[PDB]
Amino acid sequence: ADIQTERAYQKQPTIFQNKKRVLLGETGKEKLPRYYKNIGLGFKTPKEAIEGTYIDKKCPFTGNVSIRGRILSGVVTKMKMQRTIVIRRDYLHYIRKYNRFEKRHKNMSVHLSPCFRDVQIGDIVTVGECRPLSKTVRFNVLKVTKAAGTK
Amino acid sequence: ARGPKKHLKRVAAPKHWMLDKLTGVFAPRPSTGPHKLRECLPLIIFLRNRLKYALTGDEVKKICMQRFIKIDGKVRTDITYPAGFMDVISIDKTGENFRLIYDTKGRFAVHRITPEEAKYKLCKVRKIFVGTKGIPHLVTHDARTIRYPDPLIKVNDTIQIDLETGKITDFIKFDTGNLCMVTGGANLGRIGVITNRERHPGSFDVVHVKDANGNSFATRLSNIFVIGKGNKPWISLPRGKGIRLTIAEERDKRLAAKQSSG
Amino acid sequence: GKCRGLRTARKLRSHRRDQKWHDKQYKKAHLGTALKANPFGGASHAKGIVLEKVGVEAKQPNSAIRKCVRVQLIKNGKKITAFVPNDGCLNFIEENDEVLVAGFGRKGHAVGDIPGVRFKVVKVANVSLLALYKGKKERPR
RNA sequence: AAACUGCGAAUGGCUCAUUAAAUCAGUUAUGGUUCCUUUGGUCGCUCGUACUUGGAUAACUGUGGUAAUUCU
RNA sequence: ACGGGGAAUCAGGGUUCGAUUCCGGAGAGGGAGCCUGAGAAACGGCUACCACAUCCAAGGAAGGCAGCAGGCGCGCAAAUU
RNA sequence: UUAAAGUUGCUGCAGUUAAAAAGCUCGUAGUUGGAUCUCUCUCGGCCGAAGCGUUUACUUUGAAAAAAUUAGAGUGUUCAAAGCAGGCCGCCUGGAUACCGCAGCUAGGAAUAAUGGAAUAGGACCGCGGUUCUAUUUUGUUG
RNA sequence: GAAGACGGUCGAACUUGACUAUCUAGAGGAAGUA
């Protein structure tokens, strides 16, 4: 329950969890030691990462990805898939003949780790480039900042 | 393509070889080797286009096949063998020794050195790894690997090789106040003192270098070669001292060389 | 008046490229119907077989009979009336002849007096009409 | 000479039919891969007939088939 | 419509071209499948089908110029076996 | 096919009568929007490493941007289009430089133009308090 | 260790339909064209 919802046993692959022990620790405090790492670009790992119990192999903090490439940022529009959200990135494109600009946008399906709970729509995520996680997913949510009005 | 390419068109050759347009369709196309083909001199270009010892590629074949050319102490019969930055080309029959060092305009100069100097060279360490029962390793900028270096040698330092043994004699560390040559980009061939290094994580670092006359320029970190310690270079420097003149003062020097000579 | 703001580049260029189709020169050379109606198919010259000599009558404020030639083109089988320029140059033209036909000058419109004729003859039997007219060559036998 | 072995024949040359975020250009990444060759490293690190091992097959000799092949 | 570097024109802004010797892609009549090899879905390699087409003693055998020349065709339009 | 064409108009056209303004009001996107606010903390040698300062646009800089082509320096191909050579009596000297939009990097500037922050105070700065877990220094050694 | 065969896969092509497009043989006619 609460993790094992799939047909296969979910576990962090780096942590061995069947270390035998004597009854003074076998009965006293039962804690699976969590694997987490520190991604390197000044981003600090959230609290829910290092103490949570979720298992996500695509999480940037407790899974097997590395963050290298482009740091970008968008705004959450759709939260309707399993562990992956859709952001929108707005920019101005310079047309040279008219010396002017036009509002364009591009969508990005991006992977959202379960360590970012309380993510609304309309708020600004920071995304980092990883290896291709899916057919259309190449980025990963690294930092969430709320919208302007949510006190 | 269905595989690796073997030709080089003459227009797409590197600019600093100073080939011209009309003598052929092809360029010499360097062999694979210790230096990159955008960063090397093939031995055929050094021996007939620079030294004028030959007039054809056939004569370069005849000169090299008599085993007369040693590059870094070893005989090379390959006429497209890529010589590169700070290689010692030593012709024993004429008693000449050369080192490939960039000019202030970013081309390899015909720099003659004494046979005292022709027994060493400087290399830039690009990679350190520990491998297979804890033996530390180097990888220099010309594909040498060295087992058991000094443990103070770190990446981006500059070591000194003895060309017969292949072993390190001493080294310079990467620090502000040491002397550089730029080996890449716009600032190629310039020489000065490190004053600064700003570290951008996940990307390229930028090193600020100060010229001997107070000019200042930046490069990337990979385009930096530490020549000497403090101000003293550990090698002999070419005609210009790594001080790039502007076009106005180069014109003034070229005109002052005509009103005095003649 | 027209929009002028700093972010109006999409409104400005999508309006210009839609008002560009109201120009006669753009609509002619960017639609493709006028190129499929051109019997030359965009070529400068063409070649055809002379079907019959034809006298076309001049338009009203002057009076003569212009000496044209009805010619069926080789490359697509379209039929064409084409004007034979100088005098006694219809005498040089037999029937079922190879002929070389150019445009007449106004790029598909009928040059002044001759009604509905867009073309003129340049060569006949691979000899130019100017060489026959000035007596430099003769028609082969 | 021939033939076996090895390497090359994936480069070059030609053309512009397809192809409209595709190709391509600038920029980045492989910490997500493979790499003949060149260059350097490594190659008594292993505790268990050798002063040299075995069977063939071309070229060659000889007998041929098919109207016909760089066939056999 | 192969894409770029680029080209013509030009007060300034622009408009049109880029098949074409440099770089990148693609394809070897049309599709498909492979062997060998570090590297090919290779075509001056192989195996089929489709369309063409060659030699034949009628049993069978062989093919691929969008390489250099050259020929036919096509055309307004382009060179030496 | 380009200029002529200010006859496609961004610079830069026109809409009473020459071609032309919607029957009227509402109204989403888009476009455009009134004044207003004058840098520091631990170490390493008084300065740097550690933070940036709300976030961008803008601007200036830097480096990175194939050659050829274009602009352009030198040089009497006999001149020139070209070429990259050449010049003294073995020497001497070249084979420069600029431009390369947009997108992406770097560093200064802070006017203009967006955006943020304390109004159920869940506000800042302070000392004081309580709850939970923990760095490993601490007991010649070891437990 | 060859021929061969069961199966699987990739898959050109073949047949019959349906829709759609083109090239060609095709009576009749109409209007305008002059």
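Each answer follows from the model by the rule given with it, or from the source it names; these are not laboratory values. Cβ: placed from backbone, ideal geometry, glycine included. Neighbour counts: every protein chain shown.
Pairing each residue of the stretch B:1-23 that is hydroxyl-bearing (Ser, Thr, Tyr) with any residue that is within 13 Å of RNA strand E (Cβ to nearest atom), provided the two are 6+ apart or on different chains, yields C-beta distances under 8 Å for B:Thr23/B:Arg10. The lone criterion from (1) more than 16 Å from RNA strand E (Cβ to nearest atom); (2) outside any loop (DSSP other than H, G, I, E, B) left unmet by A:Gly40 is number (2). A count restricted to the stretch C:91-111 and to residues that are in contact (Cβ under 8 Å) with a residue 40 or more places away in the chain, closer than 22 Å to C:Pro39 by Cβ and either within 14 Å of chain A (Cβ to nearest Cβ) or more than 16 Å from RNA strand F (Cβ to nearest atom) (or both) stands at 8. Looking across the stretch B:91-113 at every residue that is within 16 Å of B:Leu163 (Cα to Cα) and in contact (Cβ under 8 Å) with a residue 60 or more places away in the chain, the one that is surrounded by the most Cβ atoms within 10 Å (Cβ to Cβ) is identified as B:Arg99. Residues of the stretch C:109-120 being within 16 Å of RNA strand E (Cβ to nearest atom) and not in a strand (DSSP E or B), which ones? Correct list: C:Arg118 only.
Quick check: is even one residue across the stretch C:26-39 within 17 Å of the chain's Cα centre (by Cα), away from RNA strand F (no atom under 16 Å from the Cβ) and away from chain A (no Cβ under 14 Å)? Within the stretch C:26-39, one or more residues are within 17 Å of the chain's Cα centre (by Cα), away from RNA strand F (no atom under 16 Å from the Cβ) and away from chain A (no Cβ under 14 Å). When the residues of the stretch A:60-100 are filtered to those that are within 14 Å of chain C (Cβ to nearest Cβ) and aliphatic (A, V, I, L, M), the one that is farthest from the chain's Cα centre (by Cα) is A:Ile95. Does A:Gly25 fit the bill of being at positive phi and among the small types (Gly, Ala, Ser)? Considered against the rule, which asks whether it is at positive phi and among the small types (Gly, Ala, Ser), A:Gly25 comes out as no.
Pick out the one residue from C:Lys123, C:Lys59 that is touching a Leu at 6+ places or on another chain (Cβ under 8 Å) and either part of a strand (DSSP E or B) or away from RNA strand F (no atom under 16 Å from the Cβ) (or both). Just a single option satisfies the conditions, and that option is C:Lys123. Going by the conditions given, is C:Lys79 surrounded by fewer than 15 Cβ atoms within 10 Å (Cβ to Cβ), within 12 Å of RNA strand F (Cβ to nearest atom) and either within 13 Å of the chain's Cα centre (by Cα) or closer than 30 Å to C:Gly1 by Cβ (or both)? No.
Away from RNA strand E (no atom under 16 Å from the Cβ), aliphatic (A, V, I, L, M) and not in a loop (DSSP other than H, G, I, E, B), is that true of A:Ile50?
Yes: the conditions hold for A:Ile50.
Does A:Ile3 meet the test of being in contact with a strand residue (DSSP E or B) (Cβ under 6 Å, 6 or more places away or on another chain) and either within 14 Å of another protein chain (Cβ to nearest Cβ) or part of a loop (DSSP other than H, G, I, E, B) (or both)? Against the criterion (in contact with a strand residue (DSSP E or B) (Cβ under 6 Å, 6 or more places away or on another chain) and either within 14 Å of another protein chain (Cβ to nearest Cβ) or part of a loop (DSSP other than H, G, I, E, B) (or both)), A:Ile3 does not qualify.
The lone criterion from (1) assigned to a loop (DSSP other than H, G, I, E, B); (2) free of Cβ contacts under 8 Å to residues at least 12 places away in the same chain left unmet by C:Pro85 is number (2). In the stretch A:54-97, of all residues being in a loop (DSSP other than H, G, I, E, B) and closer than 30 Å to C:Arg7 by Cα, the one that is farthest from RNA strand E (Cβ to nearest atom) corresponds to A:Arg70. Taking the conditions (1) closer than 19 Å to B:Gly33 by Cα; (2) in the same structural domain as B:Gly166 (by CATH); (3) part of a strand (DSSP E or B) in turn, B:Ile89 satisfies each one other than (2).
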